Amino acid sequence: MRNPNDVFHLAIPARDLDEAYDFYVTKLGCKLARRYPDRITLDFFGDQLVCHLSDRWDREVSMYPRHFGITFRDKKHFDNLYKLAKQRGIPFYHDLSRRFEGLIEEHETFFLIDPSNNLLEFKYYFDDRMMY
């Protein structure tokens, strides 16, 4: 549990802000908040994601050490997002998979990937105390 009145905020590179808008808003369903020449800000599942116009995006990507996203308490929200990503043509870096298999902290996961190679991981933990 966390304070519902605060927001987590993250800044990531975007090579092209219109292209970032299509991914995050048009496909992923995030809400567009503020737009400037050099950045767009998003309501990203209730937290704030800011996409900064940048040339410093990763040209090649691997799972570690950078990725972000949402861990859902309710499996329905996780399943809905997976369905939405599949129907809206959103690319998956890694499809539906379990991590830490057989441990109490086992979680279901998928990774989406934005046009600037930022990795989005969405998680569901079978024991909700393991979300940290």
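Residue numbers here begin at 1 and follow the sequence given.
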property	result
Higher-B stretch (mean Cα B-factor, as the entry records it), 57-65 or 85-93	57-65
Residue 18 - Cα temperature factor, lowest/middle/highest third of chain	highest
Relative C-alpha B-factor of residue 47, binned into the chain's lowest, middle or highest third	lowest
Third of chain Cα B-factors occupied by residue 99	highest
Among modelled residues of the same chain, the CA temperature factor third for residue 107	lowest
